[PDB]
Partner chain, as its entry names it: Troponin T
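Just one chain follows, in the form solved without its partner chain, and it is written as structure tokens.
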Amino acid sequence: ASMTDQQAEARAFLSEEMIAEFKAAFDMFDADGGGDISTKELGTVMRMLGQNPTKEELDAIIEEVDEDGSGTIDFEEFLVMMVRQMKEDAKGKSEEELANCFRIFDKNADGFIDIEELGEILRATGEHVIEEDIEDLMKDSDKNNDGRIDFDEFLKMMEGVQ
């Protein structure tokens, strides 16, 4: 077992108790395989539902999963797939409610929030705030610091507003 850096991490993400439940669905696509799934085995499982996909088309679907460059689908490859979906950050990306409030902040209708828009908006409350604290707050919330706040950063921006 060599060249298992990302696999040895996504594998440790689920214990043998979780891996067992994932093995039930994995063995389904693994109908005529043997521990791993292949292109032909996938096409046969798709036809079980009633879909008749292409074999060469399914081969490309596995090529994307072959991050290291194996060729067919493995069991730990099936586990890392669940490891790339529990990313809570991308789980809240579907926040359609945040997209509505997000557009409220950009009253200029540009797509992202600017410091000029949030400056007078926050100062309009009347509190004696300083521009040195407002400007630093914007650059401190953006880990990459692009200049404006986009819907991507908006997720964590409205994640904990206490």
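Numbering follows the first chain given and starts at 1.
Just so it is clear, the following notes concern the form solved in complex with its partner chain, a form of the same protein that is not shown.
A residue is said to contact a partner when one of its heavy atoms sits within 4.5 Å of a partner heavy atom; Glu116 fails this definition for its partner chain in the entry with it bound, lying far away. Contact annotation: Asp106 falls within 4.5 Å of its partner chain in the entry with it bound, judged by heavy atom distances. Its partner chain in the entry with it bound comes within 4.5 Å of no heavy atom belonging to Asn52.
Looking at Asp32, you'd find every heavy atom of it more than 4.5 angstroms from its partner chain in the entry with it bound. Within 4.5 angstroms of its partner chain in the entry with it bound, the stretch 148-162 places a non-hydrogen atom from each of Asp150, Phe151, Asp152, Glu153, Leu155, taken in sequence order.
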